[PDB]
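Residue numbers (the entry's author numbering), protein chains in the order written: chain c, 1 to 210; chain b, 94 to 228; chain e, 17 to 214.
For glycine and all other residues, C-beta sits at the position ideal for the given N, C-alpha and C.
Here is the structure we will look at, set down as structure tokens.
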RNA sequence: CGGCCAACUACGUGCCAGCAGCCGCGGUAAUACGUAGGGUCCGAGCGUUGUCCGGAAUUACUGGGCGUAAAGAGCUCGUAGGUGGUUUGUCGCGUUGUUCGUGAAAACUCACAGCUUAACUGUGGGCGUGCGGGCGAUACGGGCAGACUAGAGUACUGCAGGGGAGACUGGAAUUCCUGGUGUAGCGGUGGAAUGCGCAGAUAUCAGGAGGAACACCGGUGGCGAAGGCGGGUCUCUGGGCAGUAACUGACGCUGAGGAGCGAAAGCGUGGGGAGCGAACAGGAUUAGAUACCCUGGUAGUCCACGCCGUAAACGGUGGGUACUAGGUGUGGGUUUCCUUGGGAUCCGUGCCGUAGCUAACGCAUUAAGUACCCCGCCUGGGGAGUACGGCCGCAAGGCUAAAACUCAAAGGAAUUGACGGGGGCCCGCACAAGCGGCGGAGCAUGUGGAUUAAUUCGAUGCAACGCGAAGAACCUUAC
RNA sequence: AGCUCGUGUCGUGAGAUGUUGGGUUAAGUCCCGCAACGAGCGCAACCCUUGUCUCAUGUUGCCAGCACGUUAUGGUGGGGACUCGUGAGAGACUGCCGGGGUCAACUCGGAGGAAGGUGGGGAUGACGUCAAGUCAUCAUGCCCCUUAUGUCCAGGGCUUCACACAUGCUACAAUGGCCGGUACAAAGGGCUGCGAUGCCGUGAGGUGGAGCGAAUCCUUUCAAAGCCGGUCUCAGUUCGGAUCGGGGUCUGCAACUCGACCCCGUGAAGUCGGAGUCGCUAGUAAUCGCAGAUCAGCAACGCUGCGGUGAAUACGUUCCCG
């Protein structure tokens with residue numbers, strides 16, 4: 001319908017960096033398999049925690065798993081108790097040893113992934129969806145330094161039978177411009193009536209910064 | 094040059110064009126011309142060209158005025174209806190084909206002659222300067 | 017208009033002066049056919065006013081319901097309208113017409129209550145009246161009966177204004193019962209006002 | 001316990017069983033069906049059905065309407081009726097003031113008393129909106145008796161006009177006829193064919209007959225009450241307008257029923273019959289034309305004498321009257337000024353435009369504006385301007401005019417779209433200009449269908465069918 | 001090439017206006033007007049590749065000027081000159097001149113230049129449509145199975161066939177077939193992989209392992225159509241290869257149902273294809289080979305790419321289609 005390519009996959013050569021970074025000849029399928037099982041292992045407890053980014057640098061078979069989140073304090077509970085448990089399970093599930101770096105984003109409401117987190121987690125929690133979005137925004141519109149936003153919500157909105165898509169915005173979000181620095185995040189709400197897939201575009205600025 | 098529809102009733106939008114015109118002239122005293130692409134420089138030459146050639150008085154206004162002086166109530170009908178709508182009194186020149194009920198404090202006369210019209214402009218401009226002297 | 021009860025840890029709800037009385041009369045989704053389907057928008061007929069007897073009439077167009085209500089609030093805010101009274105009644109029987117809206121607004125003795133249909137009941141409950149007797153003849157609508165009621169309140173005038181138009185010393189303009197009601201209403205204005213000063 | 005309309009959740013059946021006052025709820029996640037919890041509203045009751053008033057300004061006296069929504073008789077003349085300019089007098093019938101009589105009791109309303117309270121009952125007022133008698137008033141309506149000239153009508157001087165009827169006559173054109181000249185086609189169409197020709201057509205020239213219609217002037221123009229009216233001339237006759245004010249002195253307006261006029265088609269009797277032409281043939285088109293298009297063609301169209309009475313008889317706007325900014329055309333006529341030009345005026349007919357009005361479009365001194373007088377007419381859509389009955393008619397039919405029943409609408413104006421074998425302007429291998437193919441042959445793949453124990457499952461206009469498969473011997477793999 | 005919004009105005013209202021008008025554009029591109037003034041998502045631009053040059057640049061790549069090879073060639077000492085490889089940079093902007101333009105946008109010609117006017121091609125799909133597709137990629141609400149609708153294995157099927165459609169490939173021959181000689185690519189692929197010289201076969205291939213995780217080694221120094229020569233003489237043929245028989249090789253536990261390839265024979269339809277219909281406007285069409293992914297093997301004539309040789313025509317919007 002809207003045949004819109006994932007813009008983090010449309011600027012992954014130009015502005016947005018890769019999330020996983022190594023070099024691999026004849027070891028690549030194994031590094032893919034470990035990358036997948038690591039991201040499944042970091043889905044659940046960190047999606048409780050407020051995860052945004054999961055980068056995996058990979059040096060000579062050590063591993064370096066780095067996570068950008070919005071609360072160092074739920075990811076790091078008691079020191080080593082909440083960190084070294086998921087870290088140690090990453091050390092056992094992989095056949096390797098894990099150096100887990102955990103870091104905070106300076107503003108959670110201007111990460112598109114974290115905006116999709118807070119919006120969809122509100123939308124599972126029986127709030128008004130036009131109020132959620134509309135408050136998804138107002139906040140982020142701001143606050144830093146953030147020249148667009150565009151929120152779309154499809155699915156059983158309000159528990160209705162029809163799957164109505166909604167489309168709210170403010171400012172400038174140019175997708176066809178490649179010097180855009182757009183963050184994109186889709187996260188999917190889980191109501192009892194079903195799943196409300198939320199897409200958030202956030203246009204930070206014109207800046208190439210090449 | 095041309096009466097833009099909605100200057101008085103809509104001041105909150107046409108004031109933004111003025112601050113953009115200030116940022117344009119303040120980036121003309123800056124001197125950034127060669128560092129940008131010349132299509133953007135000629136485009137800002139069109140923005141300063143049209144926006145300065147068509148907007149000269151509200152450059153000094155800023156302040157949603159208390160009185161409006163109108164030449165030719167017939168042709169500039171938009172200014173007289175907008176000026177009536179806010180409650181601002183209307184001072185005008187009225188030929189034989191102008192409705193005097195829309196103008197509170199008129200000065201009747203021909204507007205087609207540059208001597209007569211321009212002389213009445215001298216009347217009320219000297220009147221405003223006479224207001225400025227004792228203030 | 018749902019999910020309004022909320023507590024926010026944000027900057028401000030911006031509650032401030034002019035706590036006026038605001039009534040939303042009707043909302044009908046307004047559709048528009050375009051190429052490939054229908055575009056639903058929303059109209060909210062907003063009545064605002066204070067209990068002195070100043071009335072607004074606003075008409076909100078937006079594709080969200082509280083957005084249309086807020087735009088009707090700002091539009092009636094832009095356009096107020098003074099209604100003359102006697103005590104908390106109306107002066108004299110009028111009929112207003114807004115092109116099909118007929119409304120008869122007749123005064124009554126106090127204590128009777130605002131008897132009117134829901135649009136006229138809205139415009140008169142926001143206003144400074146407490147005891148009048150209206151009826152909405154014709155047009156069976158909300159917009160035309162609100163706008164017809166406001167035209168009916170434009171056909172109102174003071175007893176004093178009438179005396180002034182005719183250059184006659186009051187007494188000589190009213191009859192006497194209504195002058196006595198002026199004495200009653202200004203007397204209770206004096207009692208509640210001087211209880212307001214202390 | 002959807003919405004109105006105070007009051008919601010689960011289970012059970014999933015276009016069934018049922019619900020419902022209307023809108024409408026039931027197609028395996030119903031707050032609308034059935035049961036449960038729970039809530040709401042009433043309470044010795046609470047729901048249903050029926051009948052009436054209300055809401056219904058929806059028969060509108062108070063208190064509605066008629067350009068297009070239902071609704072202005074086709075148009076006039078006029079009987080009863082309704083309505084009436086200016087002014088003096090008189091009567092006191094309408095109107096009004098006041099007093100008397102009466103409007104039984106009960107009820108109703110106000111106060112009070114009585115029953116433990118209340119309903120209930122009683123006492124005393126008011127109500128009894130009216131009617132009759134006496135006395136008073138005279139502005140307004142009316143009656144009578146008068147007076148007036150602005151409305152109305154008449155006389156006089158002009159003026160414009162397809163107003164009407166009768167009579168006589170004019171030319172161009174079409175058709176036929178006789179006679180020339182003269183040959184093989186003419187006619188007709190989107191393209192053709194029936195058709196007329198080769199026996200002398202069409203073509204052209206001369207003459208003759210006969211009928212009808214009036215080119216140009218001639219149009220947003222004139223006249224008529226409305227239909228309607230244009231070759232000319234003559235005869236008879238109708239209305240209008242202006243000017244003077246000579247006369248009469250309110251004689252005005254409207255008008256239920258009523259009489260008269262009333263396009264076209266049609267009808268009767270008698271004429272006439274060129275062109276056009278229903279019906280009626282043939283031809284063609286087409287699936288099929290009982291149609292459009294073609295060739296022929298009778299009633300009719302024409303005149304005389306009568307019928308009939310209908311129309312988008314339309315300005316979709318009843319008639320009269322007074323008033324309410326203007327601007328510009330054109331038709332008829334009077335006058336002041338420049339000296340035909342301009343002004344002013346009375347009557348007419350158009351275009352634009354304020355105020356005001358209207359649902360909107362629009363109207364807007366030629367009102368759909370502001371008011372008065374009289375008439376017609378409307379009361380949801382169908383059923384139906386139909387039946388029954390009567391009246392008129394030679395007939396066709398017209399006029400007058402229902403009910404059962406049924407529907408939850410049928411309508412008016414404007415808005416956004418889509419659409420058009422509407423208009424304009426544009427583009428694309430869209431056509432044209434080319435080149436190479438597919439459709440026929442053999443095979444390779446995929447699908448339909450039929451098979452099968454199984455032929456796993458998906459994808460069927462463009463946008464499914466060398467597609468999910470970037471690899472079916474076993475594995476894959478679902479059968 | 002459009003789709004909207006904010007604020008103002010217009011309207012009782014749905015709504016309008018803006019976004020219509022005059023001109024211009026590949027384009028709501030852009031100017032000039034106009035009760036509108038602005039913004040936003042699109043269009044354009046930013047990015048990749050192709051076209052020219054400059055600077056940097058020397059092995060595994062080039063070889064001019066040098067030296068040495070003799071057999072076989074940059075083969076080897078050597079060299080930055082030419083390529084080429086990949087980094088940075090310049091360069092196309094109606095910038096420069098002539099004419100139309102309302103002295104505005106823009107359009108017709110000229111110069112310079114490798115390139116001229118979005119140079120060529122990509123990547124890039126606005127608001128929405130179609131209850132389009134997919135509960136079999138995955139995720140999933142609800143309903144169903146739980147002694148089977150789970151799961152394990154052998155065998156079979158997904159390949160059946162009187163048919164009908166659809167996309168392709170090989171053809172119907174002389175611009176051709178067959179034999180001999182000979183010249184020129186681009187890109188790619190490679191670990192329990194790619195596998196050379198040599199030897200055994202007619203040939204698939206066998207034996208063997210040089211050498212390479214690869215600008216080096218291997219895919220032969222890479223092609224085929226091309227060119228030179230000979231033969232065939234218009235024919236159901238020296239065209240055409242379907243089919244069928246015999247004989248093999250390789251992969252795999254296993255080629256029966258059901259693999260590909262080679263050898264010998266066999267030698268059918270088919271003589272340019274009815275109505276209809278499809279693709280394509282320049283390195284395009286047409287034709288010629290090459291590589292890749294999937295893969296032990298292959299139904300590959302498929303798909304994705306790479307290069308070779310290379311045309312005709314466009315008068316122009318009447319007609320069909322959007």
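query	result
Let's see if you can read the secondary structure: which residues bound the alpha helix (DSSP H) around residue 57 of chain e?	Premise fails: residue 57 of chain e lies in the beta strand (DSSP E), 53-66, not in any alpha helix (DSSP H).
Give me the residue from e:177, e:108, e:168, e:149 with the minimum Cα distance to residue 193 of chain e.	e:108
Just reading off the beta strand (DSSP E) that residue 69 of chain c is part of, what are its end residues?	64-69
If I'm right that residue 113 of chain c touches residue 185 of chain c with Cβ under 8 Å, what's the distance once you round it to whole angstroms?	4 Å
Identify which residue in c:151, c:179, c:117, c:191 has its Cα closest to the Cα of residue 69 of chain c.	c:117
So, do the stretch 157-165 of chain b and the stretch 189-207 of chain c have three or more beta carbon pairs nearer to each other than 8 Å?	no
Just to confirm my understanding: we take residue 177 of chain b, look at its own chain, exclude 5 residues before and 5 after, and list those with CB closer than 7 Å. What are they?	183, 195
I'd like to know whether the C-beta of residue 19 of chain e is nearer than 9 Å to at least one C-beta of chain c.	yes
Opposite residue 12 of chain c in the DSSP bridges: which residues?	According to DSSP, residue 12 of chain c bridges with nothing at all.
Can you give me the C-alpha to C-alpha distance between residue 132 of chain b and residue 122 of chain b, rounded to a whole angstrom?	19 Å
Give me the chain e residues within the contact set of residue 78 of chain c, using Cβ-Cβ distance strictly less than 7 Å, ordered along the chain.	Under the 7 Å cutoff, chain e gives no residues; its nearest Cβ is about 28 Å from residue 78 of chain c.
So, does the CB of residue 87 of chain c fall closer than 9 Å to a CB anywhere in chain e?	no
Using a threshold of 9 Å, state whether the C-beta atoms of residue 76 of chain e and residue 143 of chain e are closer than that.	no
Report the three-state DSSP secondary structure of residue 41 of chain e (helix, strand or coil).	strand
Per DSSP, residue 145 of chain c forms a beta bridge with which residues?	Answer is none; residue 145 of chain c lacks a bridge partner.
Does residue 200 of chain e have its Cβ less than 9 Å from a Cβ in chain c?	no
Are the stretch 149-167 of chain e and the stretch 193-202 of chain e touching, with three or more C-beta to C-beta distances below 8 Å?	no
Counting only the same chain and skipping the five closest in sequence on each side, list residues whose C-beta sits under 8 Å from that of residue 54 of chain e.	47, 48
Quick check on this structure: which residue in c:7, c:193, c:64 has the alpha carbon closest to the alpha carbon of residue 154 of chain c?	c:193
Could you tell me whether any Cβ in chain e is nearer than 9 Å to the Cβ of residue 131 of chain c?	yes
Residue 215 of chain c versus chain e: which residues are under 8 Å apart at the beta carbon?	Residue 215 of chain c cannot be examined here, being either before or after the span of chain c that is shown, 1 to 210.
Against chain c, which members of the stretch 75-109 of chain e pass a CB distance test of less than 8 Å?	80
Can you tell me which of c:210, c:175, c:129, c:191 puts its alpha carbon nearest to the alpha carbon of residue 6 of chain c?	c:175
Cutting at 6 Å between CB atoms, please list the residues of its own chain near residue 22 of chain c, excluding the five before and the five after it.	58
Can you give the Cα-Cα distance for residue 56 of chain e and residue 45 of chain e, rounded to whole angstroms?	6 Å
Have a look at residue 137 of chain b and residue 148 of chain b and give me their C-alpha separation to the nearest angstrom.	15 Å
By how many angstroms is the C-alpha of residue 140 of chain e removed from the C-alpha of residue 187 of chain c?	50 Å
Grouping DSSP H, G and I as helix and E and B as strand, with all else coil, what is residue 100 of chain c?	strand
Answer yes or no: do residue 124 of chain c and residue 190 of chain c have a C-beta to C-beta separation smaller than 9 Å?	yes
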